[PDB]
Amino acid sequence: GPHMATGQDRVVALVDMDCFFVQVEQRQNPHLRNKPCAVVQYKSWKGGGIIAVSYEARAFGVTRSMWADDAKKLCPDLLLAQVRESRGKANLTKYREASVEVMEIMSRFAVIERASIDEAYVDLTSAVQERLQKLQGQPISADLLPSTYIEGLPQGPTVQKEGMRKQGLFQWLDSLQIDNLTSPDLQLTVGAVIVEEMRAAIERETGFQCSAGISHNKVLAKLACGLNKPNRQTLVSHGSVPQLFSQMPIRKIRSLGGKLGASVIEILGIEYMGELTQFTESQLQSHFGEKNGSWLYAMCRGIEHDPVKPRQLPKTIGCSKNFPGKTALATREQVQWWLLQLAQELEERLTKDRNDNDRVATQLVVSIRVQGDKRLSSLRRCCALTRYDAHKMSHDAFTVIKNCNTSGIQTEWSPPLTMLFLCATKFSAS
DNA sequence: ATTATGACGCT
DNA sequence: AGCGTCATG
Ligand SMILES: [Mg+2]
Ligand SMILES: [Mg+2]
Ligand SMILES: [Mg+2]
């Protein structure tokens with residue numbers, strides 16, 4: 001009754017750039033704009049591997065993780081942009097720098113959590129309180145929500161998409177109680193007004209379009225963001241959760257798209273996230289552990305407490321390269337050359353990070369994969385990172401991994417290495 | 001021979 | 001610490 005908390009205490013948004021690497025390339029090269037186009041890494045093997053796809057190209061069935069030659073079978077007119085190559089490897093600096101552009105704009109509106117290169121969570125609770133104080137009880141005009149969908153509406157007693165969007169928005173705004181400054185639905189609505197403004201600012205100042213979700217917590221905001229892409233935002237109210245979850249496959253919720261979600265489905269014999277409500281918190285903890293069980297019990301009712309962390313910068317700076325099939329590194333000279341290439345990219349990025357952000361990394365993590373290991377990482381080992389010097393870092397990494405060489409010969413490396421990864425971690429202020 | 005990242009949990 | 005899981009541009 002009155003004591004069951006409803007998880008409506010915060011307003012949280014998730015902003016996600018649409019097809020981000022494609023947009024970065026389309027800004028640079030106007031010939032790619034409003035075209036089926038994709039971004040690829042490398043070229044020789046099957047035309048390169050696609051990592052980002054414009055919505056025009058998605059209409060033909062082009063997806064990430066598809067080889068460009070195969071995508072061209074689906075979409076003969078597909079345009080491609082290649083990721084930069086430096087020191088023999090893909091270099092993602094252009095997209096990291098574009099990400100910083102966007103994150104700095106978002107940070108003007110609220111403190112953000114950088115969830116990935118192209119997405120950030122926003123805690124809007126305080127900004128919403130402020131805007132409500134300025135509103136003085138004035139209703140919210142639909143004109144202030146020109147790209148907002150209200151999930152679950154319209155409902156009840158036109159055949160165009162924008163018409164449906166506006167009917168739903170109208171139903172939502174008509175049912176709104178604008179004099180209660182503590183109404184969660186009103187708070188979400190003002191949150192959506194702010195996110196319209198943030199998305200307008202991102203597009204004006206960068207050229208980049210994004211989608212967003214507005215709800216009461218991170219998981220619902222992420223889910224909402226995905227409901228209407230691209231270039232749109234979606235409000236998921238607490239009240240919309242029972243219907244939304246009643247047909248929502250468990251794998252769609254962040255953290256349940258892998259083994260844990262599969263085990264929820266198999267152990268409980270259910271398919272949809274709403275079906276979780278029929279289990280006690282202790283039942284879910286018995287199957288999935290204390291933490292997961294409590295999380296699932298609350299999440300299937302729309303409630304989640306994970307805070308938006310005040311963190312706009314990545315916690316690690318890493319450099320990785322796979323050496324698949326026949327390109328696996330089989331000589332010590334080879335291993336040392338590539339460790340050096342990775343370490344030189346790492347040094348460049350670290351020195352820039354130190355100048356920009358007033359911090360220094362203090363641990364170097366070295367990870368490798370050996371031929372025939374099913375796992376993505378075969379071995380992970382840390383050592384001290386005391387100097388931003390590529391030759392030192394690569395010599396230290398070699399010292400850390402050199403006992404992996406099974407070869408009786410010092411010149412040969414066996415089993416050959418199919419992946420090298422250098423990562424700088426544990427930053428301290430400087 | 002989907003690749004290059006990045007965050008976080010477990011023990 | 002080192003390993004596994006989840007996300008996926
Ligand atoms: Mg995106
Ligand atoms: Mg994203
Ligand atoms: Mg994506």
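Proteins come first, then strands; the chains are lettered A, B, ... in the order of their sequence lines, and each starts at number 1.
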Identify whether any heavy atom of A:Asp306 sits under 4.0 Å from a base atom; if not, whether one sits that close to sugar-phosphate; answer base, sugar-phosphate or nothing. nothing
Under the 3.5 Å rule, do the base of C:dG4 and the side chain of A:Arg380 count as making a donor-acceptor pair? yes
A:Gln209 CD to C:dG9 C1', in whole Å, measures 18 Å
Distance, rounded to the nearest Å, where A:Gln41 contributes CD and C:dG9 contributes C1': 8 Å
So what does A:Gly49 touch, heavy atoms closer than 4.0 Å: a base, only the sugar-phosphate, or nothing? nothing
Expressed in whole Å, how much space separates the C1' atoms belonging to B:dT3 and C:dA7? 14 Å
Residues from residues 388-397 of chain A lying under 4.0 Å of DNA chain C - heavy atoms: none
Mind checking if A:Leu376 touches a base, just sugar-phosphate, or nothing, with heavy atoms under 4.0 Å? nothing
Determine the contact category for A:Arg349: base if any of its heavy atoms lies under 4.0 Å from a base atom, sugar-phosphate if only primed atoms, P, OP1 or OP2 are that close, otherwise nothing. sugar-phosphate
Closest approach of A:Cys383 to A:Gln363 (non-hydrogen atoms, all atoms of both residues): O-CG, 3.4 Å
To the nearest Å, give me how far apart CE (A:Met299) and P (C:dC6) are. 17 Å
Test item: A:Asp306 and A:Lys309 side chains (from C-beta on) under 4.5 Å apart, heavy atoms: yes
Using a heavy-atom cut-off of under 4.0 Å over every strand shown, decide if A:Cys423 touches base, sugar-phosphate, or nothing. nothing
With the side chain counted from C-beta on, respond yes when A:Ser65 and A:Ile50 share a heavy-atom pair under 4.5 Å apart, and no when they do not. no
Quick one: A:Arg251 CZ to C:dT8 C1', roughly how many Å, whole number? 17 Å
Round to a whole Å and report the spacing from CD1 of A:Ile51 to P of C:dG9. 10 Å
Using whole Å, report how far NZ of A:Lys252 lies from P of C:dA7. 11 Å
Check the phosphate of C:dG4 against A:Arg375, side-chain N and O only, distance under 4.0 Å to OP1 or OP2. Yes or no? yes
Candidate list A:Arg359, A:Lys315, A:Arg96, test salt bridge (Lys or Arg N to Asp or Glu O under 4.0 Å), partner A:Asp353, passing option: A:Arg359
When you get a sec, tell me which of C:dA7, C:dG9, C:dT5 is the closest nucleotide to the side chain of A:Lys259? C:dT5
Under a criterion of less than 4.0 angstrom to any heavy atom of chain A, what are the 5'-terminal and 3'-terminal contacting nucleotides of DNA chain B? B:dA1 to B:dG9
Classify the ring geometry between A:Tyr95 and A:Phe21 as parallel (under 30°), tilted (30 to 60°) or perpendicular (over 60°). parallel
Just verifying a value: how many Å separate A:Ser414 OG and A:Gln371 CD, rounded to the nearest 0.5 Å? 10.5 Å
Which part of the nucleic acid, if any, lies within contact of A:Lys46, taking any heavy atom under 4.0 Å across all strands shown: a base, the sugar-phosphate backbone alone, or nothing? nothing
Categorize A:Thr327 for me: base, sugar-phosphate, or nothing, with a 4.0 angstrom heavy-atom threshold over every strand shown. base
What contact category does A:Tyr42 fall into here, base, sugar-phosphate, or nothing, at under 4.0 angstrom with non-hydrogen atoms? sugar-phosphate
What integer distance in Å separates A:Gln23:CD from C:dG9:P? 12 Å
From the list A:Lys166, A:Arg165, A:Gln233, side chain to side chain contact (heavy atoms under 4.5 Å, CB included) partner of A:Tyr149 resolves to A:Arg165
May I ask you to say what A:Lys426 touches in the nucleic acid, namely base, sugar-phosphate or nothing, with a heavy-atom cut-off under 4.0 Å? nothing
Using a heavy-atom cut-off of under 4.0 Å over every strand shown, decide if A:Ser255 touches base, sugar-phosphate, or nothing. sugar-phosphate
Can you spot which of A:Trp413, A:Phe421, A:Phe323 makes a ring-ring contact (aromatic ring centres under 6.0 Å, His included) with A:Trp338? A:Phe323
Quick one: do A:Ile194 and A:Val122 satisfy side chain to side chain contact (heavy atoms under 4.5 Å, CB included)? Show the steps, please. CA-CA 11 Å; A:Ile194 293 169; A:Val122 195; over 6 Å; no
Rounded to the nearest angstrom, tell me the gap between atom CE in A:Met66 and atom P in C:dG9. 17 Å
Pairing residues for A:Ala57 by the side chain to side chain contact (heavy atoms under 4.5 Å, CB included) criterion, not counting sequence neighbours: A:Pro36, A:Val53, A:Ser54, A:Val62, A:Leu78
At under 4.0 Å between heavy atoms, what does A:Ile50 touch on the DNA or RNA strands: base, sugar-phosphate, or nothing? nothing
Please classify the nucleic acid contact of A:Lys94 as base, sugar-phosphate, or nothing, using heavy-atom distances under 4.0 Å. nothing
Which residue, A:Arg114 or A:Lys326, contacts DNA chain B at a nucleotide closer to its 5' end, judged by nearest heavy atom? A:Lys326
On DNA chain B, does the nearest nucleotide to A:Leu92 precede the nearest nucleotide to A:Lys309 from the 5' side, or the other way round? Give the residue. A:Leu92
Using a 4.0 Å heavy-atom cut-off across all strands, classify A:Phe20 as base, sugar-phosphate, or nothing. sugar-phosphate
Rounded to the nearest 0.5 angstrom, the CZ-CE distance for A:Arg375 and A:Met419 is 10.0 Å
